[PDB]
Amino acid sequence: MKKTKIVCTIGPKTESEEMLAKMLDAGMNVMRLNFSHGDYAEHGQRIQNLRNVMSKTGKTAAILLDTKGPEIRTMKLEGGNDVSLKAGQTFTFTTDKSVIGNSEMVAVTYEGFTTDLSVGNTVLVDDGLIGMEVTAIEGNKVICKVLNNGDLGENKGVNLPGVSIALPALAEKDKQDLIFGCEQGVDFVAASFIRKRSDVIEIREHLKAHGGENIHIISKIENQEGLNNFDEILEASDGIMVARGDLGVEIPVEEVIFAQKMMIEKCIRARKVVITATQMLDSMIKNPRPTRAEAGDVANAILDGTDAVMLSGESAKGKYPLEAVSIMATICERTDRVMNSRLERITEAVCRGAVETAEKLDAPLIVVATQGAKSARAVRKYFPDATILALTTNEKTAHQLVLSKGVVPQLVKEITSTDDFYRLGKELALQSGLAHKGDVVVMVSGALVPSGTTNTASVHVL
């Protein structure tokens, strides 16, 4: 009965066909492959297992490849031992990768570190554990003053709040991973650390060069530059992933919530899927129940209007994966049921009216003859109470629509005319079990128009 869709990162604990089947029962809609870890063999087997489960059970799911992305990391230390940095001390980064670190200096992986930073900038190390202020940049060195005590381990992430970083759109490993995703025909690519329009285009060109022109690109917004260029990025993307955890290190902490609300709102208006991700039910890596706060955070993202919510470690490596999917579905069901429609160009006019009509006739189902995703998403924009049954002849579209809120996709052989759509949609509506004899359904399609124009709405009794 839930409308919000659930993305599950699959890992060792959940990769078996047995587990995947149980995950789908519990509410999983989309499989996420986190390419920060694993090799092509492991990920290939996971894709294989899901498609076996789908083939045998007739259930639908989508597959999402989440790239590792480019990053700035610190490097190694003397004796591999942590060093204890003291507030007020001088500390230096070097772009020289050959340097082994200690309490006074460590190397970073990114050659451009000296270029992109400025005296006065803040360097955060290890998810903001240690904060430092740059006091001088000299040759290949960024000299800083440590702001807080902390322990520096080896290989830790670095964040540069408010700095535009000249890392490439794709790491070299990323480029290979994307070829793999095309080879495997994944449905979505979630691109890490997206900062500007040109990153999305570079990814679009790379997928297109390997037969991936139909793979939808979900841009992960992670830093202030991403936020600044959000509209540009949304325009070029097929969707957005809101990386709350990263944003919590990169922008003022009181802003993260409104960045999440802003981005979701704009994706709905733009008719593009949005996924709310990171720091959802993390405590369930270890515990069989989430915290009150985690429950409240998930629900408010649903109320904000996200299409989907995402599980990370709690479904890949955690001790209670099935519990975490199940309680997620419960939060989804509980929250979805109290949401109302938002009624506030030909396509917007017809779809908005179609929903308004569905509500005024207490119609449980809106049947959409979707060319691509556009038409089903144009109905979903107004948050219908009714479920969207989206008829498509395109198998990739069927998979991709799994991610949109309240959309039930249906693969069909063909629809040759508008009246055939009405005849066929009424049958498939009854067959779906989503509606019954005597219910009203509203039927949406294009007629005598190019694909991706919706110009027709029709009311039928089953």
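Quick note: we count residues from 1 along the sequence shown, nothing fancier.
Counting the unmodelled positions of the deposited sequence between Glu254 and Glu255 gives zero. For the pair 451-459 and 2-10, the mean Cα B-factor is higher in 451-459.
When 145-153 is weighed against 327-335, 145-153 comes out higher, by mean CA B-factor as recorded in the entry. If you compare the C-alpha temperature factors of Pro168, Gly88, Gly245, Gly226 in the entry, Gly88 comes out highest. Residue set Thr67, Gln431, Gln400, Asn29: peak C-alpha B-factor at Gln431 (per PDB entry). In the deposited entry, the Cα temperature factor of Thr393 places it in the highest third of its chain's modelled residues. Ranked by C-alpha B-factor against the other modelled residues of its chain, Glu250 falls in the middle third. In the deposited entry, the Cα temperature factor of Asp304 sits in the bottom third of values across the chain's modelled residues. In this PDB entry, the Cα temperature factor of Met262 sits in the bottom third of its chain's modelled residues, the lowest group. Remark: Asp238 belongs to the lowest third of its chain, ranked by C-alpha B-factor as recorded.
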